[PDB]
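Participant: Starting off with a structure, shown below.
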RNA sequence: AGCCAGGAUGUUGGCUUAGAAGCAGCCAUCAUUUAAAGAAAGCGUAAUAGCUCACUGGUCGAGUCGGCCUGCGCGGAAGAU
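Chains as they are written, first to last, in the deposited numbering: chain i, 1 to 141; chain f, 1 to 176; chain 0, 145 to 700; chain F, 1 to 38.
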């Protein structure tokens with residue numbers, strides 16, 4: 001949409017109301033009331049069981065305005081939400097633990113298909129196979 | 001070259017006096033003349049000025065490459081002018097214009113009031129901002145840089161006299 | 145009378161930073177060097193001052209012609225300041241009844257009992273320009289002890305009945321105890337102020353908050369320096385309630401069968417703690433008792449004395465005070481101090497582990513050459529739960545050293561376990577295993593294996609890099625602006641184990657875990673980071689280490 | 001201006017121009033990276 | 001080589017998550033769009049907001065660029081009636 005003024009996509013798990021210090025600056029860019037971004041998203045945050053980093057983007061406007069785009073959580077954390085542990089990448093090509101087939105990957109891609117125009121089904125399938133091999137995970141169908 | 005692909009277009013309102021090597025430009029508010037070197041072949045051809053490097057001085061592509069940039073600035077300097085603003089950041093430091101003289105509240109035991117030459121119409125909107133106006137690009141810097149050299153930008157506070165567009169690099173104490 | 149001294153800037157800077165409502169009165173005439181007039185705006189009169197004299201003239205004139213319009217636009221904001229002070233001046237700002245000098249102050253004096261506006265005045269103290277002007281506002285804008293709510297003694301514990309007592313001489317006596325200085329003449333002194341009532345000379349003045357009996361001696365007034373004996377203390381004087389046996393911060397000075405106060409609010413915490421050490425051993429006899437008359441003066445001066453090392457560990461809120469109380473000891477208390485470091489638990493641990501160190505013993509002490517070439521193996525510092533700091537795992541090869549000579553080798557190791565090859569830092573809590581104990585008959589005794597074990601233990605430390613088991617304090621720091629990023633980076637120079645950055649309405653409170661061994665000049669360093677703008681807490685939580693690597697070369 | 005026999009182009013934005021014949025190297029923000037001999 | 005010029009945007013890139021959130025460092029080192037973009041070079045820095053390299057995506061509208069070999073030149077080069 002917009003241009004060289006501001007465009008950063010950063011939001012982490014929305015159970016924490018206070019802007020986490022490293023996220024702070026993406027809210028510390030164009031003069032927000034930080035209570036506004038706390039009161040914008042919580043009307044829909046009560047339709048979730050919190051625990052995963054959900055992303056939003058920030059985008060700005062002239063006087064004191066701003067805007068933001070809501071999407072669904074990415075499949076990268078959805079790989080390690082089902083797998084139990086949040087960080088598995090210790091050795092990529094030397095660990096063979098943990099299987100999920102393609103059927104789980106497409107049903108977490110329909111929620112991408114019902115939300116976004118990129119991150120398409122069949123193209124991300126090798127990169128949701130590619131985030132498996134870097135973590136040291138296996139896949140069979 | 002790039003300079004050979006750069007001719008300058010004199011407009012109406014600035015008259016040239018081509019006595020060969022000595023050109024005295026009769027302009028809007030002054031007389032911006034430069035007595036160039038003999039490594040140039042000058043001709044106000046139709047309206048757009050064309051130049052040339054003389055033989056023997058084949059390094060005159062440099063010596064007239066100065067000149068192509070030179071006279072372009074002269075015809076636009078005698079008419080429009082240069083705004084050369086300076087930013088006075090000093091504890092108790094003021095600036096005020098009277099006639100052609102500038103005060104210098106410069107933290108000394110005695111005042112410094114230096115008279116400024118022709119080609120200068122100076123102004124001061126406040127104690128920290130000071131206009132300089134002029135016709136030559138050299139004289140609009142030379143009288144400006146002398147003030148700045150009396151109190152250089154101090155890189156521990158940001159103290160000093162500094163230009164409008166100049167951005168200092170102030171450091172931190174880090175010991176005590 | 146200085147450059148950059150804009151009067152109208154600073155009073156209109158309070159409305160931006162302090163957020164208050166100042167409406168100033170005495171304005172400025174002069175370009176700060178030829179400055180001659182201070183513009184009082186109620187009476188609209190400028191005041192002439194001394195040519196250079198220390199105080200001749202007070203010559204009042206009109207408003208000068210060089211400021212005839214700035215007096216116009218600023219007087220109309222003065223006479224605003226009573227229409228919104230009292231509701232009754234609202235209809236004569238607009239109706240146009242005259243706003244005289246005497247009428248407006250009757251509203252504004254009642255605007256000092258709620259304190260929404262402060263009254264500002266420009267001038268010079270040192271150039272004698274304004275000091276004679278500044279006194280007339282004090283009797284008309286600063287409140288009197290009989291115009292204020294007076295002494296309000298509540299009760300004790302029965303019921304909350306706050307009772308406004310009288311400001312005149314017709315009440316039971318009442319005072320308070322503060323600024324309780326000392327002297328080598330009578331001992332304790334006070335700078336106390338009586339609010340109402342009259343006392344005679346000689347009284348059984350108690351301190352009714354701490355249940356003690358005192359008698360009222362010879363009271364003395366000062367010119368802030370010189371002894372002038374004030375016999376009869378009237379209601380409102382400030383004097384020296386002398387001869388109090390025990391007295392604390394802010395308790396009552398009151399006759400019995402009278403109202404009684406019990407109030408001590410905001411007891412401070414002196415934060416920076418430095419440990420004073422004597423010069424001679426005759427000094428500690430007089431520096432052990434230094435706490436007596438010194439800490440009795442003020443609660444911004446504490447001594448956190450240890451339980452073991454018996455050194456005197458002081459505590460101040462500023463080192464700038466911990467300057468002065470050493471200089472208070474210097475020429476009058478006649479003390480030579482050696483100010484050093486506080487008692488941090490310095491329990492030498494071990495980074496490296498020595499393989500085998502043999503104590504070389506060979507001496508014909510008892511007739512035949514009493515030998516004793518015993519060898520010990522440096523075992524890792526015993527961790528977890530180990531109440532005994534001495535964990536000698538005597539591993540005699542086949543029970544070769546007899547029970548009689550077991551104390552021998554034990555003593556040697558124990559002696560160097562309590563000692564330290566750096567600055568006598570106990571290598572305690574360090575489990576030590578005996579490798580092999582050489583045993584003899586006529587060459588076996590106590591020294592035989594004691595002396596050997598002593599050297600053996602020390603030898604090992606030289607090739608074992610003993611570090612420093614250290615206590616870790618929970619250190620919080622409160623800093624308002626975005627200048628804490630330089631702090632927490634400089635805190636990262638000192639192993640401040642970070643917890644999180646949190647905010648308040650005005651402050652950004654940082655949470656960290658800092659080694660107590662890394663305290664040193666923490667106070668003076670943040671005071672050059674925070675510029676002194678910091679107000680925070682100090683607690684304790686974990687226990688970690690601090691780099692030493694001294695065995696390499698520093699340790700002989 | 002520090003002097004040494006070696007002018008090595010050290011800072012990432014280091015200008016080199018031959019003023020008077022002796023080389024002195026021009027950085028932008030680092031005064032420490034400016035040598036003059038060689 | 002400069003002025004406009006997006007720095008297309010999956011991601012938090014883990015670990016150990018206290019921040020080691022492309023910018024501390026070890027193993028991977030795929031890329032949803034490939035007419036412009038790497039799981040990355042420094043500065044801003046606890047982290048990032050700010051500013052770029054990346055392709056110059058659109059303008060100028062011609063030459064230009066980094067090294068190898070030699071002819072010579074400069075610096076290196078300061079001494080004592």
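Ideal placement from N, C-alpha and C gives every residue a C-beta, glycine not left out.
Measuring only from the beta carbon, is residue 8 (chain f) closer than 6 Å to any heavy atom that is part of the ligand GTP?
Facilitator: By its list of ligands, the structure shown contains no ligand whatsoever, and the ligand GTP lies outside what it can speak to.
Participant: Hey, does residue 161 (chain f) have any beta-carbon neighbour from chain 0 nearer than 7 Å?
Facilitator: No, residue 161 (chain f) lies away from the interface with chain 0 (no Cβ there is under 7 Å from its Cβ).
Participant: In angstroms with no decimal places, state the Cα-to-Cα distance between residue 506 (chain 0) and residue 596 (chain 0).
Facilitator: Approximately 9 Å, taken between the alpha carbons.
Participant: Pairs of beta-carbons, one from the segment 245–265 of chain 0 and one from the segment 360–375 of chain 0, closer than 8 Å: are there three or more?
Facilitator: No contact exists between the segment 245–265 of chain 0 and the segment 360–375 of chain 0.
Participant: Please state whether DSSP places residue 318 (chain 0) in a helix, a strand or coil.
Facilitator: Residue state, collapsed to three classes: strand.
Participant: How many Å lie between residue 5 (chain F) and residue 37 (chain F) at the Cα?
Facilitator: Approximately 5 Å, taken between the alpha carbons.
Participant: Show which residues of chain 0 have a CB atom less than 9 Å away from the CB atom of residue 60 (chain f).
Facilitator: What residue 60 (chain f) touches in chain 0: nothing, since even the nearest Cβ is about 54 Å away.
Participant: Step through the CB atoms of chain f and report whether any lies within less than 7 Å of the CB of residue 387 (chain 0).
Facilitator: Judged by the 7 Å Cβ criterion, residue 387 (chain 0) is not in contact with chain f.
Participant: Against residue 91 (chain f), what residues of chain 0 qualify as contacts under a CB-to-CB distance less than 9 Å, listed in chain order?
Facilitator: Chain 0 residues near residue 91 (chain f): 147 and 148.
Participant: Taking the alpha-carbon of residue 518 (chain 0) as reference, which of 398 (chain 0), 387 (chain 0), 287 (chain 0) and 579 (chain 0) has the nearest alpha-carbon?
Facilitator: Selected option, being the one with the closest Cα: 579 (chain 0).
Participant: How about residue 414 (chain 0) and residue 437 (chain 0): do their beta carbons lie closer than 7 Å?
Facilitator: Not a contact, by the Cβ cut-off of 7 Å.
Participant: Quick one: is residue 22 (chain i) buried, meaning 16 or more other Cβ sit within 10 Å of its Cβ, or exposed?
Facilitator: Per the 10 Å Cβ criterion, exposed.
Participant: Once the 5 residues before and after residue 495 (chain 0) are set aside, which same chain residues still bring their CB inside 6 Å of it?
Facilitator: The answer, listed in chain order, is 609 and 611.
Participant: What's the C-alpha gap between residue 105 (chain i) and residue 577 (chain 0)?
Facilitator: Spanning the two alpha carbons is a distance of roughly 59 Å.
Participant: How should residue 60 (chain F) be labelled, buried or exposed, when 16 other C-beta atoms within 10 angstroms of its C-beta is the threshold for buried?
Facilitator: Nothing can be reported for residue 60 (chain F): it is not among the residues displayed for chain F, which extend from 1 to 38.
Participant: Look at residue 292 (chain 0) and residue 343 (chain 0) and say whether their C-beta atoms are less than 7 Å apart.
Facilitator: Their beta carbons are not under 7 Å apart, which means residue 292 (chain 0) does not touch residue 343 (chain 0) by this criterion.
Participant: Pick out whichever of 232 (chain 0), 228 (chain 0) and 174 (chain 0) has its Cα sitting closest to the Cα of residue 701 (chain 0).
Facilitator: Limits of chain 0 in this structure are 145 at one end and 700 at the other, which puts residue 701 (chain 0) out of reach.
Participant: Check each residue of the segment 620–650 of chain 0: if its Cβ is closer than 8 Å to any Cβ of chain f, include it; give the result in chain order.
Facilitator: Hits within the stretch, in order: 630.
Participant: If residue 520 (chain 0) and residue 501 (chain 0) are in contact, beta carbons under 8 Å, what's the gap, nearest whole angstrom?
Facilitator: About 6 Å separates the two Cβ atoms, so the contact holds.
Participant: What is the C-beta distance between residue 492 (chain 0) and residue 571 (chain 0), in whole angstroms, given that I count them as a contact (C-beta under 8 Å)?
Facilitator: Confirmed, Cβ separation roughly 4 Å.
Participant: Could you give the distance in angstroms between the alpha-carbon of residue 644 (chain 0) and the alpha-carbon of residue 10 (chain i)?
Facilitator: Each residue's alpha carbon lies about 19 Å from the other.
Participant: Determine the direct distance from the alpha carbon of residue 408 (chain 0) to that of residue 399 (chain 0), and round the result to whole angstroms.
Facilitator: Rounded to the nearest angstrom, the two C-alpha atoms are 20 Å apart.
Participant: Give the list of continuous alpha helix (DSSP H) stretches no shorter than 4 residues that lie fully inside the segment 205–256 of chain 0.
Facilitator: The qualifying runs are 214–222, 234–239 and 245–252.
Participant: Give me the chain f residues within the contact set of residue 268 (chain 0), using Cβ-Cβ distance strictly less than 8 Å, ordered along the chain.
Facilitator: Correct list: empty, because the minimum Cβ distance to chain f is about 16 Å.
Participant: Alpha carbon to alpha carbon, how far is residue 71 (chain i) from residue 38 (chain i)? Give it in angstroms, no decimals.
Facilitator: So the alpha carbons of these two residues sit roughly 17 Å apart.
Participant: If I follow the unbroken beta strand (DSSP E) through residue 614 (chain 0), where does it start and stop?
Facilitator: It spans 613–623 - the beta strand (DSSP E) in which residue 614 (chain 0) sits, taken as one unbroken run.
Participant: In the structure shown, what three-state DSSP assignment does residue 579 (chain 0) receive?
Facilitator: Note: residue 579 (chain 0) maps to strand in three-state DSSP.
Participant: With H, G and I counted as helix, E and B as strand and the rest as coil, what does DSSP make of residue 477 (chain 0)?
Facilitator: Residue 477 (chain 0) falls in the coil class under three-state DSSP.
Participant: Residue range of the beta strand (DSSP E) that residue 340 (chain 0) falls in?
Facilitator: Taken as a continuous stretch (DSSP letters only), the beta strand (DSSP E) holding residue 340 (chain 0) covers 336–340.
Participant: Are residue 622 (chain 0) and residue 575 (chain 0) closer than 7 Å when you measure CB to CB?
Facilitator: No. Outside cutoff.
Participant: Between residue 18 (chain F) and residue 24 (chain F), what straight-line distance do the alpha-carbon atoms span, to the nearest angstrom?
Facilitator: So the alpha carbons of these two residues sit roughly 7 Å apart.
Participant: Cα separation between residue 187 (chain 0) and residue 196 (chain 0)?
Facilitator: If you take the alpha carbons of residue 187 (chain 0) and residue 196 (chain 0), they lie about 26 Å apart.
Participant: Strictly below 7 Å CB to CB, what residues from chain 0 border residue 171 (chain f)?
Facilitator: What residue 171 (chain f) touches in chain 0: nothing, since even the nearest Cβ is about 12 Å away.
Participant: So, under 8 Å CB-CB, residue 135 (chain f) and residue 32 (chain f) are touching, yes? Tell me the CB distance rounded to an integer number of Å.
Facilitator: Right, their Cβ atoms sit about 6 Å apart.
Participant: Report, in whole angstroms, the separation of the C-beta atoms of residue 330 (chain 0) and residue 387 (chain 0), which I expect to be a contact under 8 Å.
Facilitator: Indeed they touch by this definition, with Cβ atoms about 7 Å apart.
Participant: Can you tell me whether residue 311 (chain 0) is buried or exposed? The criterion is at least 16 other CB atoms within 10 Å of its CB, across all chains shown.
Facilitator: With 16 or more Cβ atoms within 10 Å of its Cβ, residue 311 (chain 0) is classed as buried.
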